[PDB]
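A.B. asks: Below is one structure. I have some questions about it.
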Amino acid sequence: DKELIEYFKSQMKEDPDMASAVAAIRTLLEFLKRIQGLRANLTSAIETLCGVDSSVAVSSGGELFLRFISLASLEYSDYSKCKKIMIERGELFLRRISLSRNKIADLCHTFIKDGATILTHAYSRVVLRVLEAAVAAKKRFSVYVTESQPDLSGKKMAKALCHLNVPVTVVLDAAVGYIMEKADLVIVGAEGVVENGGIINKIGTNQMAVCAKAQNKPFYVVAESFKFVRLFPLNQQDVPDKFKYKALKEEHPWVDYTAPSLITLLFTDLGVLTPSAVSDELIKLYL
Amino acid sequence: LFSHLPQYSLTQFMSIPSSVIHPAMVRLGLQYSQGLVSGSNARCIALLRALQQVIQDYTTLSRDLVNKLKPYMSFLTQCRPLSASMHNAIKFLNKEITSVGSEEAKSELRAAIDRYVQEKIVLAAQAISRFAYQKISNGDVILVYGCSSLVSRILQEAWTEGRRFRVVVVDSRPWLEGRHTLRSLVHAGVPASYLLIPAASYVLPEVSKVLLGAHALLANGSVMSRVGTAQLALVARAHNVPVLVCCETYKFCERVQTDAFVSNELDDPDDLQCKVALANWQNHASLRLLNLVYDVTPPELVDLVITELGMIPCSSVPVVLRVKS
Ligand SMILES: O=P(O)(O)OC[C@H]1O[C@](O)(CO)[C@@H](O)[C@@H]1O
């Protein structure tokens with residue numbers, strides 16, 4: 001109950017490249033290794049894990065795991081046989097999302113023209129993998145990255161992407177509308193994909209998209225399958241205060257909702273998706 | 001349909017030493033009808049030269065010359081419908097004749113054509129060239145359309161004053177007129193590329209600015225010009241490239257028009273069949289062949305008007321229409 005948080009922090013420690021939701025899956029799966037009250041224990045694990053990270057991916061990635069195991073309980077019921085079919089099905093789920101970023105990269109790196117000049121937001125381990133696969137296919141391009149206050153993740157990305165021998169420019173956070181005509185396409189990594197096909201990414205993604213549709217630059221999103229959250233925002237207030245805030249007055253939301261009309265395509269795990277297509281998949285991921 | 005606008009395919013009735021219309025005006029009208037003189041500036045120069053020929057042969061004045069040369073412009077409206085450059089030229093000429101008070105007035109009139117052609121068609125072209133030299137940078141690529149005597153002058157002098165750009169020439173059927181741009185570019189040594197209007201959305205990804213020519217700027221900022229211009233500017237905005245139109249002041253007509261339907265001459269439809277499956281189109285009753293000569297692009301599709309007064313944002317052409325009158 002408290003060692004759960006410690007193990008989750010450890011999965012952050014010895015694996016920074018592993019996603020937050022995957023860390024939640026691993027620590028929750030180990031907690032599963034320790035009838036119907038066990039579903040309540042896993043729901044409590046969801047609450048305690050979302051209470052310390054508050055990303056959309058954690059409360060969605062763990063929430064599919066509350067459903068990917070409870071789908072097997074619809075097939076059969078037991079007391080310890082059900083726990084072992086739970087662990088051999090959860091291990092399959094966990095090893096089926098260790099291959100997510102590679103599949104996204106294989107789908108998305110074919111959308112970058114040679115000699116292109118992309119624009120990306122703060123820091124995505126998926127956008128980084130899309131560009132890593134794009135330079136491994138002998139494409140050459142330029143990357144514009146916004147520094148993306150307050151945590152300056154854009155500088156972390158450009159330091160993590162200069163090793164790939166790519167011309168990367170840490171543009172100012174305010175200057176998206178300036179360099180937006182210098183961009184062939186926009187690749188961002190969603191922190192959660194809501195039910196209408198729009199995304200929830202770090203603050204400033206929305207005005208990256210609104211500028212994009214102002215100049216008809218394609219706005220590509222590279223999310224994963226477990227980031228499909230069941231929310232349906234209609235404006236920026238409809239995003240819950242769980243997700244927006246990690247904690248002369250400062251405001252500081254950390255995420256904002258991007259409308260699905262602004263998004264050209266989503267390169268999720270389960271194939272390239274129109275923003276409409278996402279909704280179907282969400283239905284399929286929750287019957 | 002296009003019922004109010006006129007369909008034409010006219011010198012058979014007039015006597016060979018013509019007395020109804022002046023000899024020079026007959027030559028001018030038949031050159032308009034056949035196609036020997038094309039382009040708004042070339043038509044205005046030819047019209048003013050023919051009017052100088054008419055005035056120097058005039059023997060007697062203010063009312064008499066105006067009501068004598070009104071049938072000449074009726075003939076020219078019959079032969080080929082007058083563009084607004086010609087309209088403003090005729091308006092200036094009638095104002096000049098009515099302004100002349102009570103022989104020697106023929107020489108003073110004939111020089112006022114020369115003082116009209118110089119400082120509104122030639123000096124204006126030089127000033128527009130100087131202004132558009134600023135908007136042409138090294139390395140950019142410029143999409144022009146059709147043939148314009150001013151657009152090609154701007155490109156040629158921008159090249160010979162040291163720029164190193166590239167031109168894409170977009171052309172349309174049935175006049176196939178941008179070839180007259182294209183060849184005239186290649187003689188200047190400018191790199192060029194040629195393709196038709198349907199391929200415009202293929203090259204608007206690479207184009208840096210679209211530099212068009214205007215046959216008339218109307219009183220709301222709509223640009224009346226060759227039929228592909230509005231469509232080309234629309235695709236240009238959809239690929240977010242700036243659209244520049246280069247027009248002299250004297251082509252500004254106070255007529256206003258929203259849609260491309262009010263004043264749009266129709267050339268003969270027999271130009272349309274290409275080498276045939278359309279040669280027998282008269283015998284098909286339902287089939288009608290339609291080719292417009294002009295259309296209007298709205299002022300929101302045009303980013304810049306270059307004029308001898310300066311560079312104006314295409315919503316302040318009524319400003320210039322005010323300050324010149
Ligand atoms: O690709 P990741 O690391 O899983 O996260 C994607 C998005 O979530 C953030 O890391 C935090 O919102 C953003 O920087 C990024 O755009």
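Each chain of the structure tokens is named A, B, ... in the order shown, its residues numbered from 1; ligands are numbered from 1 in display order.
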Using only C-alpha atoms, I'd like a table of the residues in chain A that come within 9 Å of chain B; for each, show the closest atom pair and its distance in Å rounded to one decimal, ordered by chain and ascending number, as a tab-separated table.

C.D. replies:
```
residue	atom	partner	partner_atom	distance
A:181	CA	B:240	CA	8.6
A:215	CA	B:240	CA	6.1
A:216	CA	B:239	CA	7.3
```

A.B. asks: Tell me which protein, DNA and RNA residues are within 6 Å of range 52-57 of chain A, counting only C-alpha atoms, leaving out same-chain ones fewer than 5 positions away, and put them as number ranges by chain.

C.D. replies: A: 21, 191-192, 227, 242-243

A.B. asks: Quick one: residues within 9 Å of range 101-108 of chain A, only C-alpha atoms counted, chain neighbours fewer than 2 positions away excluded, as a PyMOL selection string?

C.D. replies: chain A and resi 97-99+110-112+125-127+129-134+220+222-224+267-272

A.B. asks: Store the residues of this selection in a file with C-alpha atoms, as a PDB file, in the first residue's frame.

C.D. replies:
```pdb
ATOM      1  CA  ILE A  97       3.261  -2.539 -25.307  1.00  0.00           C
ATOM      2  CA  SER A  98       7.025  -2.852 -25.031  1.00  0.00           C
ATOM      3  CA  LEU A  99       6.871  -2.956 -28.844  1.00  0.00           C
ATOM      4  CA  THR A 110       7.521   7.244 -43.738  1.00  0.00           C
ATOM      5  CA  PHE A 111       5.527  10.479 -43.393  1.00  0.00           C
ATOM      6  CA  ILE A 112       8.626  12.686 -43.119  1.00  0.00           C
ATOM      7  CA  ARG A 125      10.138   9.541 -26.147  1.00  0.00           C
ATOM      8  CA  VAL A 126       7.927   8.647 -29.121  1.00  0.00           C
ATOM      9  CA  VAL A 127       8.735  11.668 -31.297  1.00  0.00           C
ATOM     10  CA  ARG A 129      11.902   7.420 -31.625  1.00  0.00           C
ATOM     11  CA  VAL A 130      10.103   8.576 -34.782  1.00  0.00           C
ATOM     12  CA  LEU A 131      13.088  10.765 -35.641  1.00  0.00           C
ATOM     13  CA  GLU A 132      15.547   8.051 -34.613  1.00  0.00           C
ATOM     14  CA  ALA A 133      13.879   5.682 -37.063  1.00  0.00           C
ATOM     15  CA  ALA A 134      13.711   8.430 -39.681  1.00  0.00           C
ATOM     16  CA  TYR A 220       0.769  14.593 -36.640  1.00  0.00           C
ATOM     17  CA  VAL A 222       2.328   9.960 -32.171  1.00  0.00           C
ATOM     18  CA  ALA A 223       0.517   8.418 -29.219  1.00  0.00           C
ATOM     19  CA  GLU A 224       0.371   4.828 -27.994  1.00  0.00           C
ATOM     20  CA  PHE A 267       0.194   7.353 -35.367  1.00  0.00           C
ATOM     21  CA  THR A 268      -0.924   5.123 -32.550  1.00  0.00           C
ATOM     22  CA  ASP A 269       0.251   1.587 -31.823  1.00  0.00           C
ATOM     23  CA  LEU A 270      -2.769   0.022 -33.493  1.00  0.00           C
ATOM     24  CA  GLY A 271      -2.169   1.555 -36.899  1.00  0.00           C
ATOM     25  CA  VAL A 272      -2.374   5.002 -38.419  1.00  0.00           C
TER      26      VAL A 272
END
```

A.B. asks: Identify, counting only C-alpha atoms and all ligand atoms, the protein, DNA and RNA residues located within 6 Å of ligand 1, and give them as an MDAnalysis selection string.

C.D. replies: chainID A and resid 19 122:126 188:191 201:202

A.B. asks: Could you save those same residues with C-alpha atoms as an mmCIF file, in the first residue's frame?

C.D. replies:
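Okay, out_15.cif is ready:
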```cif
data_model
loop_
_atom_site.group_PDB
_atom_site.id
_atom_site.type_symbol
_atom_site.label_atom_id
_atom_site.label_comp_id
_atom_site.auth_asym_id
_atom_site.auth_seq_id
_atom_site.Cartn_x
_atom_site.Cartn_y
_atom_site.Cartn_z
ATOM 1 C CA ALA A 19 6.812 5.416 -20.072
ATOM 2 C CA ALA A 122 8.461 19.662 -25.425
ATOM 3 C CA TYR A 123 9.899 16.164 -25.137
ATOM 4 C CA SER A 124 8.470 12.908 -26.327
ATOM 5 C CA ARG A 125 10.138 9.541 -26.147
ATOM 6 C CA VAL A 126 7.927 8.647 -29.121
ATOM 7 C CA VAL A 188 3.826 15.875 -31.074
ATOM 8 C CA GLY A 189 3.471 13.073 -28.563
ATOM 9 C CA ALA A 190 0.149 12.927 -26.785
ATOM 10 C CA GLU A 191 -0.042 12.369 -23.049
ATOM 11 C CA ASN A 201 -0.397 17.099 -24.353
ATOM 12 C CA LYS A 202 1.875 19.481 -22.430
#
```

A.B. asks: Let me make sure I understand: among B:262, B:212, B:285, B:30, which one has the smallest atom-to-atom distance to residue 304 in chain B if we use only C-alpha atoms?

C.D. replies: B:212

A.B. asks: Would you kindly return, as JSON, numbers by chain, each protein, DNA or RNA residue with an atom no farther than 7 Å from any atom of range 147-152 of chain A, considering only C-alpha atoms and excluding same-chain residues fewer than 5 positions away?

C.D. replies: {"A": [121, 122, 170, 171, 172, 173]}

A.B. asks: If you run DSSP on this backbone, which residues of range 35-185 of chain A come out as strand (DSSP E), and could you give them as a ChimeraX atom specification?

C.D. replies: /A:117-120,142-146,168-171,185

A.B. asks: Expressed in Å to a single decimal, how great is the separation between CA of residue 33 in chain B and CA of residue 176 in chain B?

C.D. replies: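 Answer for the CA of residue 33 in chain B to CA of residue 176 in chain B separation: 17.5 Å.
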
A.B. asks: Using only C-alpha atoms, which protein or nucleic acid residues come within 8 Å of residue 282 in chain A? Drop anything in the same chain fewer than 3 positions from it, and give the result as number ranges by chain.

C.D. replies: A: 195, 228-230, 278-279, 285-286

A.B. asks: Output C-alpha atoms for every residue in that selection, as a PDB file, in the first residue's frame.

C.D. replies:
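Just written: selection_16.pdb:
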```pdb
ATOM      1  CA  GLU A 195     -12.748  10.062 -26.967  1.00  0.00           C
ATOM      2  CA  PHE A 228      -6.532   6.191 -25.022  1.00  0.00           C
ATOM      3  CA  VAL A 229      -8.433   7.828 -22.178  1.00  0.00           C
ATOM      4  CA  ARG A 230     -12.227   7.866 -22.083  1.00  0.00           C
ATOM      5  CA  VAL A 278      -9.784   6.816 -32.483  1.00  0.00           C
ATOM      6  CA  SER A 279     -13.350   6.895 -31.200  1.00  0.00           C
ATOM      7  CA  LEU A 285     -11.191  -1.004 -25.880  1.00  0.00           C
ATOM      8  CA  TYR A 286     -14.279  -0.667 -23.657  1.00  0.00           C
TER       9      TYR A 286
END
```

A.B. asks: Near residue 211 in chain B, counting only C-alpha atoms, which residues have an atom at most 7 Å away, once you skip same-chain residues fewer than 5 positions from it, shown as a list in words?

C.D. replies: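 After dropping sequence-adjacent residues, the list is residues 142, 143, 144, 243, 244 and 245 of chain B.
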
A.B. asks: Please, which residues of range 40-170 of chain A, numbered as in this document, come out alpha helix (DSSP H) from DSSP, as a ChimeraX atom specification?

C.D. replies: /A:40-53,56-68,70-75,81-95,100-108,127-136,153-161

A.B. asks: Give me the residues within 9 Å of residue 87 in chain A as a PyMOL selection string, counting only C-alpha atoms and dropping any in the same chain fewer than 6 places off.

C.D. replies: chain A and resi 29+32-33+69

A.B. asks: Can I get the selection written as an mmCIF file, in the first residue's frame, with C-alpha atoms?

C.D. replies:
```cif
data_model
loop_
_atom_site.group_PDB
_atom_site.id
_atom_site.type_symbol
_atom_site.label_atom_id
_atom_site.label_comp_id
_atom_site.auth_asym_id
_atom_site.auth_seq_id
_atom_site.Cartn_x
_atom_site.Cartn_y
_atom_site.Cartn_z
ATOM 1 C CA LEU A 29 1.191 -6.152 -12.029
ATOM 2 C CA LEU A 32 -1.411 -8.277 -8.629
ATOM 3 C CA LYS A 33 1.185 -10.948 -7.839
ATOM 4 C CA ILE A 69 -7.685 -8.413 -16.929
#
```
